[PDB]
Amino acid sequence: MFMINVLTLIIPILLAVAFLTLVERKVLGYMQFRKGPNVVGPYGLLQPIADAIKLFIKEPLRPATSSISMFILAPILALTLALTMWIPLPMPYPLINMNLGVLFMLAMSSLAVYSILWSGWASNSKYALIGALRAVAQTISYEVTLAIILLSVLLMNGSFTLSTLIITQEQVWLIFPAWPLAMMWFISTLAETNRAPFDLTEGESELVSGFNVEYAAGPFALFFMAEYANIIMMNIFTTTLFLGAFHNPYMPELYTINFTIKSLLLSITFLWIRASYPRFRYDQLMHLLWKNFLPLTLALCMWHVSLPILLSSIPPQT
Amino acid sequence: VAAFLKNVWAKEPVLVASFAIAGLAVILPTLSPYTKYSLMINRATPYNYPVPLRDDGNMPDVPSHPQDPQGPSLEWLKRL
Amino acid sequence: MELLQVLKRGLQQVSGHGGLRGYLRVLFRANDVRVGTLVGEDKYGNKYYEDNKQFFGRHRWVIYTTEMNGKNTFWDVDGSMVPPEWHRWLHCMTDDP
Amino acid sequence: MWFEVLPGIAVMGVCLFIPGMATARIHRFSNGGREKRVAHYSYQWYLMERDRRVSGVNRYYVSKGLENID
Amino acid sequence: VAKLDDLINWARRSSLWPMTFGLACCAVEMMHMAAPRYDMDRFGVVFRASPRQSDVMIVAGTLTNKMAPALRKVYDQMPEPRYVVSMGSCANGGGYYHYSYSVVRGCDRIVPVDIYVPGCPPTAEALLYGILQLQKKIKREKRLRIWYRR
Amino acid sequence: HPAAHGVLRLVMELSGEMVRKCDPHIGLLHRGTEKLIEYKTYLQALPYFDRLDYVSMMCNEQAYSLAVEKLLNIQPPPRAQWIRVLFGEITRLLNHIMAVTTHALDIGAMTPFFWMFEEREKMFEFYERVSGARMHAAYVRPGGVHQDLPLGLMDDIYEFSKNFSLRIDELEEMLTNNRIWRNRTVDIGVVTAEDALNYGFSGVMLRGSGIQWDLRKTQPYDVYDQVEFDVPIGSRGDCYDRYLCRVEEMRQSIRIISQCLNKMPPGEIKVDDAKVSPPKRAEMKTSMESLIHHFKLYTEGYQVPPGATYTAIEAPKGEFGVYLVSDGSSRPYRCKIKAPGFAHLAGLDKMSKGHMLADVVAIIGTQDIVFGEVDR
Amino acid sequence: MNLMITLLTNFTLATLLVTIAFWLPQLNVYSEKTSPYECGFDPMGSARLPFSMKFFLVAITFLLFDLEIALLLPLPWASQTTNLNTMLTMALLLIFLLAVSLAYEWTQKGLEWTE
Amino acid sequence: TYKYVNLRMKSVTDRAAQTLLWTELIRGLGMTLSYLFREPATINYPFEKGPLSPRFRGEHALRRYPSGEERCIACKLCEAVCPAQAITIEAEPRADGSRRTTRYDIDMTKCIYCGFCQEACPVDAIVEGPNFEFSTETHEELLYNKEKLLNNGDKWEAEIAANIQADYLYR
Ligand SMILES: CCCCCCCCCCCCCCCCCC(=O)OC[C@H](COP(=O)([O-])OCC[N+](C)(C)C)OC(=O)CCCCCCCCCCCCCCCCC
Ligand code: SF4
Ligand code: SF4
Ligand code: SF4
């Protein structure tokens, strides 16, 4: 009966992506002193359905100069990669109980850029090439910091399993002994998912649309849902990493309620962040992450290496 | 050295903070009192099987029962 | 506790629109559920309301009819169904209805 | 006013509640009322295979107690 | 096929995506329409800069002789279905600069225009009325019924 | 392109991604106003000036009216002068709101655009109440203004000017102290005073470079010498100093608006010489001379003595001038429009040397450029 | 096995959407909708010209720092080792080598940009 | 007369704490959240309309006397003052000898809506009326003849007369 579990994992996150678009437009209007979409349905509840049907009855409009192989291969790979790393998340019991789920998340997150590169190179245009180059620079910036953030936060967990991450929260949150690393991790999740002020690929003022500027409707919606599943899942991962809740084996309802509310609040905070700051230049992206973030996280990494030896607090690996 | 420290704290505080954390992480475990406690905590974890030994009749330390007072105890971690 | 007053205002907005049927009708048609002082009505069926407690621009509004000049206007409400006297009143050109 | 976003976002809450809960409920069906036996190393797998080999129905979740022996 | 026609007409008319094609005074009037006072985004109308992901195009300003190939290429790169909304008087019939040597006398000569919005500049409420008229024009489309009859 | 102002063709030689040669190809909005002007009389050529700079409409009207009144050797009544100065300051606030908010949108902060476009709509409503059109008023005419202010408008102006400084403070908190906004404009687009004057720059650019020059303080017009206000002066030539200068110019515009509202004198709104200004509709239908003058003014147009003049006003973008040459007939012989945007886009090549492409779009944003004015 | 089933189901759902997006609606193509997008004008040359990219050393040293990460990554299980002094000393040594490489990059003008 | 914009351990520690803990970013976020909790200024179009003025320049109309007889007397001042040359007038005396018009065409795609004709008319015949919601679908529908202008005048007389009564003393 794993098929039913897989379907119930993969369909409601797509529905969550659609209603994330709804509340995205609503809240993003609301801090701009205007209302959101509320004409189509009662408080605009039918906006995602109209958006989804509208993109799928348009014309795909494949370009002549585009190499059709990677042009048709990039969005499906993007949607699959945004979908395939949801499994090791404990919810409170994960789909697949992998001992090294952090490594799986890291490797499938490294794979997620390849759809952007193949969509940039497959379409023959200068804007797609510039978007691919900026995505490459964004990956250069964020990977070498994000790996060390995850390792140094994970050093008190004792193992790479995400199931044992819920055990460590039973006394106190790990955001209290690792609040600077929490700031580093939040900026890194801002940078990875390509959300403002770290967008730099789907630019409106710099480029037209960047990596998918030649992508018409149908294939374009896959990148949209992939990015929104990415941000929802990344906020769920941050919630599990730093603000893990109280788990009771006899009632999973408590933990589902708690992490759902916490991840929803973190996504609202992400929406709050994404439209209050100017967009960064991509030359200042590695003038910050390679210059200010890296020495600080090296110092904190060696501090978290030498800290359980200091206090005699070596965590168990099991 | 105060003027130079004030200058680097005014220009880039991140480097000063990083070097302070690095120096603390270098010099504090060499002054820690619980490092040997970590040593015995790691050494006392029973990973593999504690196989017994043959008897020639002359051993004052090893016991014949796990509950015998002879042999090493683990009271220090129980109290801590 | 002021939140109980907000819930009271919500239930009075539910009750004052003729009930749940009128509440759902105005919700699906006008996308608004505010009650107001009925200024009047015209010969076609356009009911013109006002409420001076709202801010400027939202202090005068109109609920359109359901059948004007033969067409079904339950969903295809147009901005040019206002007679000239009510056109003068509605766009805030004078204070005299 | 502002609280009008509070309906729609609530729907997203349901969209963040239906998956994970379902997995837990699925874990309360295929495992005979208990949780799924989390296997992480070779000895946990050996114990689970021991339950599978002793249950006689080729199901590990059918746990037999001290009443099985005489 | 009558009800399926009613569905896809509702999906296209409630998620119109215009493109950022302004040229003159009338572009500033469009930006004034997109202000919180009138709030285009409440109608399912969100600005998208790329022609490949846009539904309609509102030509705001004066279309000169140096601009006709650009407008023609931008219109030709939009995916079907596409609608063009003329705006102001410059894009309607030339308007003030109708007799000039370097102004196209109405943008109908370059692109097929669906909705004519008159003004100089037209008021943002009138522009919202024109967009609602375009939505009502989309609503009464009869694609699948005509396909079934043919 | 959203960062482009609708009509622009920047061809750049990207050396990887930095610019070595940038060339603005323009003329996509060349309507040819200066040929259509000479085929129309002065009253008919007045609304042509509303559409050159379509964020600074009343200032262009004031420049054209000042040129025609200097040629006609007539001056408006003082109430008309105070009305012109008040609506020119409202126009300056309009232009500065549009320029700052569009620059912040082109850099990436998209909230103050929606925050102050409702205030821009409020001033559009003020234009609606005073002239009858939301944007193209055609209100300032040679001889003063066209109509008197309606009853109850000035209380609305006072209330809006009272409540607008909080919005200015909100914007200045949201952008000035932001580190991301700062780091885009620390040392970008630096210009020197010698290259400011030699490249024909006027207005904020000069005040960005420390040059102390303002046409409202050195060569004043109608009542600007009777109003006390400050002039911001930059110190580095970057875009940051120009943005700060624009914000301070908004604050001084509020100050001038308060001084205007506390000092409006009673009187008439047109020049009482009926051979230039049209007569009132009450006395047109009773007096024969007024009917004859109305007929010939709205059919032929008042004659202007022959000669050439070049007047210049302090437009919100800089110095807006017109070279008007009249041959004695009711139509101008040659009307040339000098604009700050032409020289600013000419100096864009020098100001953008050695920067990344995002800094080029920042330099494009930091020049308040309206391309209808640039292409005329 | 379950990972393979999840991968196959995800790929099936992904590739079913594009097929629905392609073969369901009516296609109508000419030789202008397939043209490359250059803001309404013809493209100047092709996009296959070599970019004069300026962060080549940053990409190579990203690779090298990722291999530093690969050396530093099995550190948590080393927390269960007996010889703790050598563990701590050499984890500090490897982090110090990473910092030495970064500091040499900082001093010798490597983190900046060309031209 | 002039001012200098941008000419300005505890302070260094405060700046470093602002760098590390993001004080002014929190301030800007607080102002964003302040604007989240206010009442949005979106008016419910088309059930609500924006404020206007009695001087509003909208749709062209031809008025009439309060006896049924039309107001235009074929004086051709509107087509002589029109800056866009959008007005075409052809006139002849009708059967009773009254100087009237036979053709009065306004090209509304040429008209710039500047109200010179509504102020140059000696008998207040042509009026830039108040209607702004008159968008069409075809280009020829925006090309009014005399019959359409007379129909617009008879349609909107009931508010055009009131607007003229309210505004005529400022002229
Ligand atoms: C995950 C939980 C929630 C997290 C918070 C989420 C809500 C708040 C989000 C705020 C907005 C974030 C996005 C916008 C900003 C993006 C840019 C950015 O972050 O730039 C980073 C900025 C960039 O700095 P900058 O932009 O000022 O750079 C200027 C640099 N100089 C001065 C050289 C010219 O800061 C850093 O890079 C610093 C890294 C974080 C520092 C954390 C310090 C923790 C404490 C250390 C010890 C302190 C005590 C002293 C030593 C004691 C030793 C024993
Ligand atoms: S129609 Fe009028 S407002 Fe619009 S661009 Fe032309 S002159 Fe400007
Ligand atoms: S409003 Fe102006 S442009 Fe229009 S018809 Fe009258 S005079 Fe001509
Ligand atoms: S100005 Fe008036 S009376 Fe004269 S021709 Fe025109 S509409 Fe007729």
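Residues numbered from 1 in each chain as written, not as in the entry; some residues may be left out. Chains lettered and ligands numbered in written order. Part of a larger assembly, values for the part shown. Heavy atoms only, no water.

In its metadata, the entry names cryo-EM as the structure determination method and reports 3.8 Å as the resolution.

Trainee: How would you explain the overall build of chain F if you had to name every residue and give the values?
Mentor: Assigned secondary structure in chain F consists of 16 helices and eight strands. Taken over C-alpha atoms, the radius of gyration comes to 21 Å for chain F, in line with the 21 Å a tight globule of 376 residues would show. With respect to the three principal axes, the spread of C-alpha positions in chain F is 75 × 45 × 35 Å. Among the 376 residues that make up chain F, the fraction classed as buried is 69%. With an accessible surface of roughly 12,300 Å², chain F has 52% of that area assigned to carbon and sulfur atoms. (Helix = DSSP H or I, 4+ residues; strand = E, 2+ residues; numbered from the N terminus. Rg over C-alpha atoms; globule rule 2.2 N^0.38 Å. Buried < 20%, exposed > 50% of the residue type's maximum accessible area, 1.4 Å probe, protein only. Areas by Shrake-Rupley, 256 points an atom, 1.4 Å probe, with all protein chains shown as cover.)

Trainee: Please provide a residue-by-residue account of the interface of chain A and chain G, values included.
Mentor: Each partner contributes to the interface: chain A provides 72 residues, whereas chain G provides 61 residues. When chain A packs against chain G, close to 6,400 Å² is buried across both sides, 77% of that on carbon and sulfur atoms. Looking at the side of chain A facing chain G, the largest losses of area belong to A:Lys126, A:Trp290 and A:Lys291, adding up to 10% of the total buried there. Along the contact surface separating chain A from chain G lie two salt bridges. A salt bridge links A:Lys291 to G:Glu112; the shortest N-O distance between them is 3.6 Å. Along the contact surface separating chain A from chain G lie seven residue pairs in polar contact. Broken down by element, the residue count for the side of chain A that touches chain G peaks at 15 residues, all from helix α6 (residues 126-154) of chain A. Considered class by class, the residues forming the side of chain A that touches chain G number 52 nonpolar, 12 polar and eight charged. (Contact = heavy atoms within 4.5 Å. Buried area = accessible area lost by both parts, 1.4 Å probe. Salt bridge = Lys/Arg side-chain N within 4 Å of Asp/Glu carboxyl O. Polar contact = N/O pair within 3.5 Å; in protein donor to acceptor, adjacent residues only side chain to side chain. Nonpolar A, V, L, I, M, F, W, Y, C, P; charged D, E, K, R; others polar.)

Trainee: Describe the pairing of strand β2 (residues 47-50) of chain C, with residues and values.
Mentor: Across a regular strand the side chains alternate sides, sitting on one face of the sheet and then on the other. All names here are of chain C. Direction of pairing for strand β1 (residues 37-41) relative to β2: antiparallel, over a ladder of four bridges. Bridging across to β2, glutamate 41 finds its partner in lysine 47. Between β1 and β2, which pair antiparallel and follow one another directly, the connecting turn spans five residues, one of which, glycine 45, has a positive phi of 140°. Relative to strand β3 (residues 60-63), β2 runs antiparallel, the two sharing four bridges. (Pairing = 2+ DSSP bridges.)

Trainee: Can you explain the interface of chain A and chain D? Please cite residues and give values.
Mentor: Tallying the contact residues gives 39 residues for chain A and 29 residues for chain D. Across the chain A-chain D interface, the total number found is zero salt bridges. When residues of the side of chain A that touches chain D are traced back to their parent elements, those giving at least two are α1 (2-30), α9 (219-242) and α10 (252-274) of chain A. Of all the elements, α1(A) adds the most residues to the side of chain A that touches chain D, at 13 residues. Split by residue class, the side of chain A that touches chain D holds 26 nonpolar, 10 polar and three charged.

Trainee: Describe the pairing of strand β8 (residues 332-338) of chain F, naming the residues involved and giving the relevant values.
Mentor: Residues and elements named next belong to chain F. Taken together, the six bridges between strand β7 (residues 318-326) and β8 define a ladder with antiparallel strand orientation. Among the inter-strand pairings, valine 325 is bridged to a residue of β8, identified as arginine 334. Hairpin geometry of β7 and β8 is characterised by an intervening segment of five residues between the two adjacent antiparallel strands and by a positive phi of about 100° at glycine 328.

Trainee: Account for the site of ligand 1, with residues named and values stated.
Mentor: With respect to spatial proximity, 22 residues lie near ligand 1, and among them A:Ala182, A:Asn292, A:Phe293, B:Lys11 and H:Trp22 are the closest. Close to ligand 1, residues of chains A, B, F and H are found. For ligand 1, the protein covers 75% of the area, taking 1,400 Å² as the surface of the free molecule. In terms of residue count, the dominant contributor to the shell around ligand 1 is helix α8 (residues 179-192) of chain A (six residues). Considered class by class, the residues forming the shell around ligand 1 number 17 nonpolar, two polar and three charged. (Near = heavy atom within 4 Å.)

Trainee: Give me the lowdown on the pattern of salt bridges, citing residues and values where you can.
Mentor: Inspection of the entire model under this criterion finds 76 salt bridges over all chains. For A:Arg25, the salt bridge is made with A:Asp51, and the minimal N-O distance between the two is 2.9 Å. Placement of the pair is A:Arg25 in helix α1 and A:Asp51 in helix α2 (residues 47-55), with a sequence separation of 26 residues. No difference in accessibility class separates A:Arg25 from A:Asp51, as the two residues are buried. A salt bridge links H:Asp167 to H:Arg55, with the nearest nitrogen and oxygen atoms 3.0 Å apart.

Trainee: Mind laying out the sheet that holds strand β3 (residues 87-93) of chain H, listing which residues take part and the relevant values?
Mentor: Residues and elements named next belong to chain H. One open sheet holds the three strands; their spatial order is β3-β4-β6, and the pairing between them is antiparallel. Each edge of the open sheet carries a strand with a single partner, namely β3 and β6 (143-144). In this sheet, β6 lies alongside strand β4 (residues 99-107) in antiparallel orientation, the contact comprising two bridges. Paired with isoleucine 106 across the two strands is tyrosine 144, which belongs to β6. Those strands touched by helix α5 (residues 146-167) are β4 and β6, and its axis lies near 90° from that of β4. (Axes fitted to C-alpha atoms, helices over the stretch in contact; angles between N-to-C directions.)

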